[PDB]
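# part one of the complex, untouched from its place in the assembly:
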Amino acid sequence: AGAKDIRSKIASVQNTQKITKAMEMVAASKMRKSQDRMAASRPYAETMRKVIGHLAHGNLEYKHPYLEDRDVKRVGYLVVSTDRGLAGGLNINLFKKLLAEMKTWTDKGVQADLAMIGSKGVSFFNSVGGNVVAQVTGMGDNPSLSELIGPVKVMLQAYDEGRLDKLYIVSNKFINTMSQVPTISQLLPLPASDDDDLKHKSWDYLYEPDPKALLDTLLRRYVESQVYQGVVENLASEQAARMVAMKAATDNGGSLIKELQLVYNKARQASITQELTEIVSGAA
Amino acid sequence: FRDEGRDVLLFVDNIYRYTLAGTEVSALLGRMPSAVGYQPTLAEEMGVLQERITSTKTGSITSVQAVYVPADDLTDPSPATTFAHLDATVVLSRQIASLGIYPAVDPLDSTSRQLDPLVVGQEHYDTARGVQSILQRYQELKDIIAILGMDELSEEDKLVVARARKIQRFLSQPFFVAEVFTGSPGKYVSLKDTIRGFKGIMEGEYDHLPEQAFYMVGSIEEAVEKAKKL
């Protein structure tokens, strides 16, 4: 009813466009805040990687399950995902890349299972029916490491006891503001390339109580730090993907309003033209 | 006046009211109305006025006409008939007047169909096409600056922003009739002076002056005098 409702419909789209125009700026600010948090986490992990390098590849060379090579009979992943919608295809892209590798090990007859961060991943993989052993959800902004100790400890327990022989983290990477990429990278066993030194392990550390407890706890903390950092970097990628999705929603809404207006002006003009034909015809 | 051999301006203070007065007269005469209810003679009544405003071997009348759009509907018969007769459109906006820029003419929505290589020549055409492309780009980068900030902006993109602020200010001018507001004496700028000035800034000579050296100045030869003391 162009005289009546097309008029309101335009108002509803105009209001919707004004809102999404604002959400693009919210997302672009949260992306900045997450980007600072992302950078702070890198120096703790990079320091800890230096310590395990010094003890692992030091002149006396130690042995540990999380560090040593093992052949594969079961493979494990843990996966990060959003608790909120919008953000384009970000989750689905990562999930289909995960299914591609999960199918690759399945073709090798290698059993797989998943640990899960975020309720989108919970829902998709229950819909697939892939084995999910652990879950955490509802972090929002400001996620905390304390939550994530749960998920890693049961994956750690699985890996050490043989139930798992490889473990990977599945997450998106914040290349920059404009581009983000879904990636999978290994946690257990420790994949990192060897390194070499003289001063380190020549001016060797006094150990307390002993160098074995300090290798065990240190590895436990390192892989924990690796998945905290992946969680933060995926969160930065969520805000970036939402910022872009709100740009499209704002331009799409602006494209619809103008087509609804050309349609309305036709109805506005036609009804004037009809009713004057009636008034003049009725003045017989 | 034109028959005396002068060139003349005719100001029409609302061409829309000429149209509506014809609708009122023809309804009182009781002719059959037309689409949207206008008079059936609408296109001839516009043509009878507009075709007398032309350039004769003796001299010419040029016209500046205030236009009103009946519902902001540009397809309505009164706009649609009027637009067929206009050669140029000048849009004044309060957003530019908020910048204190006067005259408050929007350079991106104002148009002329004389602005073509075969009429104004290639130097003018390229200069105005340049300014339009720079001011269009700056209005894009204002979104990036706002949503993300100046860190995002490259060293080439900073150069178009720095030039667009200079171009935008150099569009301002003091009018002889405005002197009681500005307290600066009015300036008249010849076409060759303005083309050369904007051609200047776009080619990146005068890049080094402060952006306030261009505001309200006049022609570009006076901007180098202003920058020497500003």
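Cool, got the structure. Numbering: from 1, shown residues only, chains lettered A, B, ... in the order given.

# Confirm residue A:133 sits in a strand?
Yes - according to DSSP: H, G, I helix; E, B strand; the rest coil, residue A:133 belongs to a strand.

# Confirm for me that it is in contact with residue A:115.
Yes - using C-beta atoms under 8 Å, residue A:133 is in contact with residue A:115, at 5.8 Å. Placement of C-beta: from N, CA and C, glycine included.

# which residues are common contacts for the two?
By C-beta atoms under 8 Å, 6 or more residues apart in numbering or on different chains, residue A:133 and residue A:115 have these common neighbours: A:154-155.

# what about these two, which has more around it?
Neighbour totals were compared for residue A:133 and residue A:115, and residue A:115 leads with 24 against 16 (other C-beta atoms under 10 Å in any protein chain shown).

# who's the more buried one bridged to?
residue A:78, residue A:134 (DSSP bridges).

# is it true that it touches residue A:81?
No - with contacts counted by C-beta under 8 Å, residue A:115 stays clear of residue A:81, the gap being 11.7 Å.

# just how off-centre is stretch A:266-277 within its chain?
Relative to its chain's centre, stretch A:266-277 lies at 55 Å (C-alpha atoms, centre = their mean, to the nearest Å).

# That stretch vs chain B: in contact?
Yes - contact of stretch A:266-277 with chain B (C-beta under 8 Å from any C-beta of the partner chain) involves A:266, A:268-269, A:272-273, A:276.

# Next one: the most centrally placed residue in chain B relative to residue B:154, how far apart?
In chain B, the centroid-proximal residue (C-alpha atoms, centre = their mean) is residue B:90; its distance is 3.7 Å. Plainly put, residue B:90 is 34 Å away from residue B:154 if you go by C-beta to C-beta, to the nearest Å.

# Tell me how far the residue nearest to the centre of chain B lies from chain A.
Taking C-beta to the nearest C-beta, to the nearest Å as the measure, residue B:90 and chain A are separated by 24 Å.

# what's the neighbour count on the spatially closest residue to that residue that is not a sequence neighbour?
Nearest non-adjacent residue to residue B:90, counting by C-beta to C-beta, 6 or more residues apart in numbering or on different chains: residue B:110, 5.0 Å away. Residues lying near residue B:110 (other C-beta under 10 Å) number 15.

# Determine if any part of the helix or strand that contains residue B:124 is in contact with chain A.
Following DSSP states H and E, one finds residue B:124 within helix B:122-147. Yes - applying C-beta under 8 Å from any C-beta, one finds helix B:122-147 touching chain A at B:146-147.

# and chain C, same structure:
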Amino acid sequence: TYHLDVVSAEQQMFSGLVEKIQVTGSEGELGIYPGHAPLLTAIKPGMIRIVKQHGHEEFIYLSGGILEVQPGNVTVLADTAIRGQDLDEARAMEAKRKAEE
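Putting chain C together with the chains above:
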């Protein structure tokens, strides 16, 4: 003097030059002084306390962590909690039943 960091995977807690610390070691209480030979320990829950340059006194509570020492550097890799409860395995128990139900 030496340069103390206090850091966690979430955050830098402190950074600055320090004349001495007292810090609660794995086997007992410990003090670190300039040029002390390289040292590694876990640290207990409790206070680490510091004097910055000019001997200005500062106390930080830590849930735990690892202390290490190098020529010119002390770094404490603190963490949020003991983690030794491991009661968060229970949090994985409903991850299963909610998938089966």
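
# got the contact list for residue B:32?
A:280, B:40.

# let's see 10 Å
Contact analysis of residue B:32 by C-beta atoms under 10 Å, 6 or more residues apart in numbering or on different chains lists A:276-277, A:280, B:26, B:39-40.

# Pull out the buried residues from the residues you listed.
A:276, B:26, B:39 (16 or more other C-beta atoms under 10 Å in any protein chain shown).

# chain center to the helix holding residue B:124: distance?
16 Å.

# List the buried residues in it.
Across helix B:122-147, burial judged by 16+ other C-beta under 10 Å covers B:124, B:127-128, B:130-131, B:134-135, B:138, B:141, B:145, B:147.

# Quick one: list the elements packing against it.
Secondary-structure packing of helix B:122-147 (3 or more C-beta pairs under 10 Å, 6 or more residues apart in numbering or on different chains; DSSP states H and E): helix A:6-56, helix A:213-282, helix B:117-120, helix B:157-170, helix B:191-203.

# Now the ones you listed in JSON lines, please, with extra columns for distance to chain C.
JSON lines is the format used below for the helices and strands packed on helix B:122-147 (distance: least, C-beta to the nearest C-beta, whole Å):
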{"stretch": "helix A:6-56", "distance to chain C": "5"}
{"stretch": "helix A:213-282", "distance to chain C": "4"}
{"stretch": "helix B:117-120", "distance to chain C": "63"}
{"stretch": "helix B:157-170", "distance to chain C": "32"}
{"stretch": "helix B:191-203", "distance to chain C": "47"}
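
# Tabulate those (JSON lines), appending distance to residue C:29.
Converted to JSON lines, those look like this (distance: least, C-beta to C-beta, whole Å):
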{"stretch": "helix A:6-56", "distance to residue C:29": "23"}
{"stretch": "helix A:213-282", "distance to residue C:29": "18"}
{"stretch": "helix B:117-120", "distance to residue C:29": "88"}
{"stretch": "helix B:157-170", "distance to residue C:29": "57"}
{"stretch": "helix B:191-203", "distance to residue C:29": "72"}
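
# Walk me through the domains of chain A.
Residue ranges for the domains of chain A, per CATH domains of a matching chain: A:1-59+A:206-284, A:60-205.

# List the contacts of the residue of the stretch 101-250 of chain A at minimum distance from chain B.
Nearest residue of the stretch 101-250 of chain A to chain B (C-beta to the nearest C-beta) works out as residue A:177 at 6.9 Å. Going by C-beta under 10 Å, 6+ apart, residue A:177 touches A:28, A:31-32, A:35, A:236, A:239-240, A:243-244, B:148, B:152.

# add one more, call it chain D:
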Amino acid sequence: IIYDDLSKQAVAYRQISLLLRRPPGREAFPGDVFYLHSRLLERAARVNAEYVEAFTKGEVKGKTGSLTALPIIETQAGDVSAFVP
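If we add chain D to the chains shown above, we get the following:
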């Protein structure tokens, strides 16, 4: 002066015009419906001291006079594009 519902005055003048069989315009209002409101509202004016002096034959000299008008219009449904509005 406050004119309440000038839109009601226009409806009255339309009724008179249609009963007097005068040709209809848009929305059935007569051709001179603009002339009805325009000549009414243009009377609201401020007049200079020399007009007041001339009209009163000089018994009032230093004063301007004015009439201020607040007409009311009722838009049927947030439509300011109707004819009378």
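
# please look at what packs on helix B:122-147 again, because chain D has been put in.
Under the contact criterion of 3+ C-beta pairs under 10 Å, 6+ apart, helix B:122-147 touches helix A:6-56, helix A:213-282, helix B:117-120, helix B:157-170, helix B:191-203.

# between these, which gets nearest to residue C:85?
Across the helices and strands packed on helix B:122-147, residue C:85 has its closest neighbour in helix A:213-282 (14.0 Å, C-beta to C-beta).

# just how off-centre is the closest one within its chain?
Relative to its parent chain, helix A:213-282 has a centroid offset of 19 Å by C-alpha atoms, centre = their mean.

# May I see the buried residues of stretch A:74-94?
A:74-82, A:86-88, A:90-91, A:94.

# Counting residues, name the longest helix you see in chain D.
Among the segments of chain D that qualify as a helix by DSSP state H, the longest is helix D:6-19.

# And stretch C:67-84, how far out from the chain middle?
Stretch C:67-84 sits 4 Å away from the centroid of its parent chain (C-alpha atoms, centre = their mean).

# So what's the residue count around residue A:168?
Other residues close to residue A:168 by other C-beta under 10 Å number 19.

# Show me the strands in chain C, by range?
Ranges of strands within chain C are C:2-8, C:11-24, C:29-32, C:39-43, C:46-52, C:56-62, C:65-70, C:73-77, based on DSSP state E.

# So for chain B, which of those strands sits nearest?
Among these, strand C:11-24 sits nearest to chain B (C-beta to the nearest C-beta), with 22.4 Å.

# how about the CA coordinates for the closest one, as PDB?
What follows is strand C:11-24 as a C-alpha-only set of coordinates in PDB (Å, rounded to 0.1, in the frame of the first residue of the first chain):
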ATOM      1  CA  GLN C  11      50.000  -8.900  30.500                       C
ATOM      2  CA  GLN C  12      53.100  -7.300  31.600                       C
ATOM      3  CA  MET C  13      52.700  -6.800  35.300                       C
ATOM      4  CA  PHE C  14      55.900  -4.800  35.900                       C
ATOM      5  CA  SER C  15      59.200  -3.700  34.300                       C
ATOM      6  CA  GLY C  16      62.000  -1.700  35.800                       C
ATOM      7  CA  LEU C  17      65.600  -1.600  37.200                       C
ATOM      8  CA  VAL C  18      65.900  -3.100  40.700                       C
ATOM      9  CA  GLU C  19      68.600  -3.100  43.500                       C
ATOM     10  CA  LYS C  20      67.300  -6.200  45.200                       C
ATOM     11  CA  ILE C  21      64.300  -8.500  45.500                       C
ATOM     12  CA  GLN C  22      62.900 -11.000  48.100                       C
ATOM     13  CA  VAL C  23      61.100 -13.800  46.300                       C
ATOM     14  CA  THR C  24      59.500 -17.000  47.700                       C
END
